[PDB]
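Down below is the structure, laid out as structure tokens.
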Amino acid sequence: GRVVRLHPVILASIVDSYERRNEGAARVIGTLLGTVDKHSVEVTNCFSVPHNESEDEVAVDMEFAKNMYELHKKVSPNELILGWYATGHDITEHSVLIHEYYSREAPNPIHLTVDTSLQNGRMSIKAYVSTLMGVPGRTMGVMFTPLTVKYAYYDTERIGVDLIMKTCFXXXXXXXXXXXXXXXXXXXXXXXXXXXXXXXXXXXXXXXXXXXXXXXXXXXXXXXXXXXXXXX
Amino acid sequence: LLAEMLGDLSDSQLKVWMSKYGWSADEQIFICXXXXXXXXXXXXXXXXX
Amino acid sequence: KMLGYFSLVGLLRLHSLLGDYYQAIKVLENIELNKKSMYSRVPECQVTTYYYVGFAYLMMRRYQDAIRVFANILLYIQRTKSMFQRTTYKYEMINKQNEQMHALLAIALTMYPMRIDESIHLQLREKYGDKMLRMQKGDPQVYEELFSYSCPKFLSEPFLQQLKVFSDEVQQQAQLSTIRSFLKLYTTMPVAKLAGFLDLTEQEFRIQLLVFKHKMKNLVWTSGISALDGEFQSXXXXXXXXXXXXXXXXXXXXXXXX
Amino acid sequence: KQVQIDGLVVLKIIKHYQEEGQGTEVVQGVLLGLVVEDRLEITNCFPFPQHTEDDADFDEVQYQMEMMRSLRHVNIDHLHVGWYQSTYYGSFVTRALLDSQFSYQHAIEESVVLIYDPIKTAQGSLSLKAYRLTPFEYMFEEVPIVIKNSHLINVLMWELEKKXXXXXXX
């Protein structure tokens, strides 16, 4: 595959999925639909998945994938299950393993990261397919290949987007705030366990020089600190 | 101590220098948000990226 | 005008060798001229200018200005601890002169920051590495001995440097830094602990005097000194934190850009 | 009264109607959201499958229950606040559509009926309206629909032709 196009609806669907939970720390995961039968993968729809992560391990609801996809097929068989997305903003340690799960539904698996925080203006999307360059005299090692993205729309959506940008051209939230306050009233122990985690990540990287795992741990610690600051 | 440091002055001479710099004896000679939040948001975003 | 600038620099150097410090400084102040003419004419001239600037800085109390001029003439370790690598274009004799200048700069360089770098410098020589170790030790007895043994290096004209004045001045500054390095941070400190640490300093009576003297310098702050008890007492934070966060982001940027 | 329609809700309704138009079969779905004050927020929608049956009895409660349960694993978890359809006849041509609304109103008296026209909707002109039944009188009335978009959504939409805590606080 040479490149990926993404419909504006998919971007907005990923953001809407993330928005409802109202968790900055949380990263949401779902399915993408479209057409991957050419050198240009066209991403044209999506749906959210129930998803939970504990430690390294993560749970995806297989039955949910099958049952929702079956309803999607009844609406429009042209939009095939071609991969998955998450809100990132970056590749995570578990992604190659999660990707192996989606491979069962279809192959090759395609991963769309949609940066719903939108830190970088140029891209709200990073696209990857899993492949291994390989090492001579050694077994091949899996890795993500980064594919270029563009945002493109069929006429219906173009019309829709233009119409939406014309003028330019709470209880759950309270509960979340309460949870943040509780975290603040506890953060002295969570600090000391994020200090340890940070050290762990460093250890992993050292071993690699495992490395990926350590890096992930470090990132998690940083995220936890950022969420503590935001709460404050 | 001050009188010693000034060259072993009499109490009268010491008084001249205390007077000159306004020093007086006590017990002794008396001698003497929103922006931040925004910054964090940016920093966080950068880290995430 | 590059030739004229060279004449000024040479004349100033001659005056310094046989000449008064202030006039030479004034000449140096006139002296600087566009880089580019010097770059086009020869590699060496720029290095010579950098050396002159370093010498002026050394004469000057601040070691900062000389630290920059010397690094440009020769590669120097950067803030954020990244290697600065110089061009080898200049003629080999000129390069040797530049290396000598770099060796001289170490003296300015140590004052500028940190810490134990001699990587560019040859490992084998104990002349500079030994000096670095002695500074690290924080004990004069080794430092004094280092001057005593490498008395010959300092001497290299004899009238021009009759008394070793600069080296002695530098050493006395160097001795003070370690004490400030404890840098208080204690609300209230036992006298005996201070006495034990100040005892190491050559004057026994310095702590009664040496400690008060340090307060006058203001490098380190002492609270309750001269007290009847005799025991020393010892938004902004947010700004500091923000600063650190900025540095972290900068490091990440360089990583991403790379 | 005002119906606030979200970005994904509006795009899905236009998409579905147009897809329905190619089909030549009328397209309906459910609107999900929140009754706030008098005002109603439509945050999302989903399509109902085409049925041989016309208007009422179109709805498939097995499909709906499955879809609602699977969304709930999904974050939004929003009440059915009404329904949308694409109906060609104008203006107010068909009696049958209204009765459907009476069924929705009996389930929840606040329910809203949205109607979109995918043929007459053109660049610069979305043809859409929102209705409720009145409580010689006419049977129903129309409330203007506004659009709500987040700053994040605005940036996202601008990639066409490119050349959470906050929301909670609000």
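Here, each number is a calculation from the coordinates, and none is a lab measurement. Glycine gets a Cβ as well: all are built from the backbone with ideal geometry, and neighbour counts include every protein chain shown.
Quick notes on this structure:
- Positive-end extreme of charge dipole, chain A - chosen from A:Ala86, A:Unk194, A:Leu132 (charges on Cβ): A:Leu132
- With neighbours defined as other Cβ atoms within 10 Å of a residue's Cβ, the residues A:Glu23, A:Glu70 order from fewest to most as A:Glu70, A:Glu23.
- Total charge dipole magnitude, the range D:1-147, about the Cα centre, Cβ charges on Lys, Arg, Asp, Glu only, Debye to nearest 20: 440 debye
- Legend: mean number of C-beta atoms from other chains within 10 angstrom of residue C-beta atoms, peptide A:154-161, equals 6.
- Centre separation in Å (Cα based) which lies between the range A:164-232 and the range C:95-124: 43 Å
- Beta bridges by DSSP in the protein assembly as shown, antiparallel share as percent, to the nearest 5: 70 percent
- Total formal charge among the other residues, if their Cβ is under 10 angstrom from that of C:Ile77, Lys/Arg +1 and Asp/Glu -1: +2
- Euclidean distance of C-alpha centroids, the range D:50-97 and the range A:23-97, integer Å: 25 Å
- The modelled label-to-label distance between C:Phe205 and A:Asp61, using points 7 Å beyond Cα along the C-beta direction, is 8.6 nm.
- This model, with +1 at the C-beta of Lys and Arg and -1 at the C-beta of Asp and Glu, gives chain A a dipole about its Cα centre of some 540 debye.
- Out-of-range pairs (alpha-carbon distance over 27 Å; input A:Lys126/D:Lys120; D:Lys120/D:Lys148; C:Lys1/C:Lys153; C:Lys35/C:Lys90; C:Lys164/C:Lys215; A:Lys166/D:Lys129): A:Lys126/D:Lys120; C:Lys1/C:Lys153; C:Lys164/C:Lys215
- Computed about its Cα centre, the charge dipole of the range A:78-148 is approximately 200 debye, with only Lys, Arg, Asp and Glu carrying charge at their Cβ.
- Rounded, prolate or oblate (a/c below 1.5 giving rounded, otherwise prolate when a/b exceeds b/c) for the range C:9-91 by Cα gyration tensor: oblate
- Simple rule: put +1 on each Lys or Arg Cβ and -1 on each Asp or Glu Cβ in the protein assembly as shown, find the dipole, and look at A:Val9, D:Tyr88, A:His72; the Cα lying farthest toward the positive end is A:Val9.
- For peptides D:41-52, A:57-68, C:78-89, sequence by mean Cβ density within 10 Å, most packed first: D:41-52, A:57-68, C:78-89
- DSSP bridge orientation in the range D:54-170 - percent antiparallel, rounded to nearest 5: 60 percent
- Ranked by how many other beta carbons lie within 10 Å on average, peptides D:138-146, A:197-205, C:104-112 from highest: C:104-112, A:197-205, D:138-146
- Distance between modelled label sites at C:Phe159 and C:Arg180, nm, 7 Å Cα→Cβ extension: 3.8 nm
- Residue (of D:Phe46, D:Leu156, D:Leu31) at the positive-pole extreme of chain D, dipole from beta-carbon charges: D:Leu156
- Inter-chain Cβ neighbour count for D:113-122, averaged per residue, equals 1 (cutoff 10 Å, partner chain atoms only).
- Peptide D:4-15 - average C-beta neighbours from other chains (10 Å radius): 5
- Within the range D:1-119, percent of DSSP bridges classed antiparallel, to nearest 5: 60 percent
- The range A:1-109, relative contact order [Cα under 8 Å, separation at least 6], %: 27 percent
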